[PDB]
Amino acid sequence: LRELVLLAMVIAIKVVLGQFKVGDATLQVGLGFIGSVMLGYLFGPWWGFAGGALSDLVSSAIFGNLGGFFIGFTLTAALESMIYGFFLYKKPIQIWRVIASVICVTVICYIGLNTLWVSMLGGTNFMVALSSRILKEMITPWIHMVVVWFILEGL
């Protein structure tokens, strides 16, 4: 199939942009979301969950993660690309979908899950973790939404 040539390239994209990030073994800030949104826009949730799940393995395998591989961050990258799917897939680019999608991702994946992982990886209690990370998760969503627009428009 043609679209599977595509899937690879966008995994490749997702992996590459993912390497533009600043941060800690606790919160990181980067362009990885850009790729993961593409996966949900173009391929839908299932293939988007697959591609996200996948692109994390690859990115891990090549670049490696601070503090080592954790199978949790994998799940996150899969849900991340799958939620942008349920929202944005085969639909007219709208602002309310962009807000809803980035808001759900940020709550479940970033605020919920990645904190759960970080809390686990470090010795912390969850809210200790949450307190270190919550400023980012309040600020970035608007940047994510704007970027998500230009991405969705551009393609």
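Don't overthink the numbering: it's just position in the shown sequence, from 1.
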- [ ] Read off the CA B-factors in the entry, average them over 67 to 75 and over 81 to 89, and name the higher stretch.
- [x] 81 to 89
TODO: Could you check which stretch, 101 to 109 or 38 to 46, carries the larger mean CA temperature factor in the entry?
DONE: 38 to 46
Task: Member of 25, 146, 11, 139 with the greatest C-alpha B factor (per the PDB record) - done: 11
- [ ] Report the third (lowest, middle or highest) to which the CA temperature factor of residue 119 belongs, ranking only the modelled residues of the same chain.
- [x] lowest
Task: Modelled-residue ranking by C-alpha temperature factor, third containing residue 31 - done: middle
Open item on the list: Taking only the Cα B-factors deposited for this chain, tell me whether residue 130 sits in the lowest, middle or highest third.
Closed with: middle
Task: B-factor third for the C-alpha atom of residue 62 within its chain - done: lowest
